[PDB]
Amino acid sequence: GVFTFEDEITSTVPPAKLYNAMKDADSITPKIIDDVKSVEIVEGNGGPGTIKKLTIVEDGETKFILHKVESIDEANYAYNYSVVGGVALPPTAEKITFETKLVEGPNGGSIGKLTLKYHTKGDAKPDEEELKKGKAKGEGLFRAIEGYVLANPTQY
Ligand code: NA
């Protein structure tokens with residue numbers, strides 16, 4: 001089955017602008033996040049079903065993570081993807097889905113609605129520790145994109 005967790009975060013960047021930057025996560029992420037070295041398309045054209053391979057060098061040792069693009073809704077500022085392979089994925093999980101939806105902020109910013117879905121093998125409830133890592137990962141990407149936009153205002 002599926003275990004679901006919601007999280008909400010705010011930004012000072014307006015949603016249309018953040019969303020445009022998200023589309024460039026593949027090039028933005030390696031620059032901002034020290035451990036991320038590259039993001040490469042294994043299969044597909046960037047649309048749903050696309051598989052991406054992230055190369056990371058935590059410590060001094062290389063690691064791969066695999067993402068699958070699930071859906072996009074540009075009009076509603078949504079990007080959804082799943083972790084589908086790599087040591088990030090525990091054996092009790094078929095996949096971990098990260099959904100991001102941006103809405104308008106009261107003062108010219110955005111509200112990020114982050115949804116985390118764990119598809120477990122035999123309805124294995126996620127660990128306090130596992131979730132913690134998942135919450136941090138989703139929050140980390142959002143901050144990486146936001147940070148790039150705030151640091152490079154002419155870009156978007
Ligand atoms: Na990097």
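By convention here, the first residue in the shown sequence is residue 1.
What you find for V83 and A88 is that their closest heavy atoms are CG1-CB, 4.3 Å. Closest heavy-atom contact between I96 and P90: CD1-CD, 4.1 Å. Of all heavy-atom pairs between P15 and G109, the closest is CD-O, 3.4 Å. The minimum heavy-atom distance linking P48 with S71 is given by the pair CG-CA, 4.1 Å. The minimum heavy-atom distance linking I28 with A21 is given by the pair CD1-O, 3.3 Å. Taking all atoms of both residues into account, the shortest heavy-atom contact from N80 to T100 is OD1-N, 3.5 Å.
Distance check: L54 CG to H67 NE2 gives 5.0 Å after rounding to the nearest 0.5 Å. Atoms CD1 and NZ, from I145 and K17 in turn, are 14.5 Å apart once rounded to the nearest 0.5 Å. In this structure, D26 CG and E40 CD are separated by 10.5 Å, a value rounded to the nearest 0.5 Å. Note: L102 CG to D73 CG = 11.0 Å, rounded to the nearest 0.5 Å. Distance check: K63 NZ to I56 CD1 gives 9.0 Å after rounding to the nearest 0.5 Å.
Of the options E8, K101, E6, a side-chain hydrogen bond (donor to acceptor under 3.5 Å, both in side chains) to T115 is made by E6 and by none of the others.
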Verdict with supporting geometry, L131 and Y118, side-chain contact (heavy atoms from CB on, under 4.5 Å): CA-CA 9 Å; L131 178 72; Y118 280 81; 4.0 Å; yes
Verdict with reasoning, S11 to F142, per side-chain contact (heavy atoms from CB on, under 4.5 Å): CA-CA 9 Å; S11 176; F142 179 96; 4.0 Å; yes
Verdict with reasoning, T50 to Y81, per side-chain contact (heavy atoms from CB on, under 4.5 Å): CA-CA 9 Å; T50 300; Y81 71 93; over 6 Å; no
Evaluation steps, side-chain contact (heavy atoms from CB on, under 4.5 Å), between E99 and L114: CA-CA 6 Å; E99 302 185 354; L114 316 182; over 6 Å; no
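Side-chain atoms of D123 come within 3.5 Å of backbone atoms of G1 as a donor-acceptor pair (strictly under, hydrogens ignored). Put simply, the side chain of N45 gets close to the backbone of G47: a donor and an acceptor are under 3.5 Å apart. Although no hydrogens or angles enter the test, the distance criterion places no donor-acceptor pair under 3.5 Å between the side chain of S82 and the main chain of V84.
A salt bridge is absent between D7 and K135: the closest approach of a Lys/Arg side-chain nitrogen to an acidic carboxylate oxygen does not fall below 4.0 angstrom. Here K95 pairs with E70 in a salt bridge; the nearest charged N to carboxylate O distance falls below 4.0 Å. Residues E146 and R143 are paired through a salt bridge, judged by an N-O separation under 4.0 Å between the basic side chain and the carboxylate.
Using a 4.5 Å cut-off on side-chain heavy atoms (C-beta onward), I72 and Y19 make contact.
Ring-plane geometry between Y156 and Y148 is classed as perpendicular, the angle between the planes exceeding 60 degrees on a 0 to 90 degree scale with a lower cut at 30.
Annotation for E104: atom CD does not count as buried by contact number, only 12 or fewer foreign heavy atoms lying within 6.0 Å. More than 12 heavy atoms of other residues, nucleotides or ligands sit less than 6.0 Å from atom NZ of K37.
Side-chain atoms of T55 and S38 include a donor-acceptor pair closer than 3.5 Å. A donor-acceptor contact closer than 3.5 angstrom links the side chains of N20 and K23.
Residues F98 and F5 share a hydrophobic cluster, clusters being chains of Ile/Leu/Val/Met/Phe/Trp/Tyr side chains in contact below 4.5 Å. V69 and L66 are not part of a single hydrophobic cluster, where members link through side-chain heavy atoms under 4.5 Å apart. Both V39 and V149 are members of a single hydrophobic cluster when ILVMFWY side chains are connected at heavy-atom separations under 4.5 Å. Both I33 and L150 belong to a single network of hydrophobic side chains, linked directly or stepwise wherever heavy atoms of I, L, V, M, F, W or Y lie under 4.5 Å apart.
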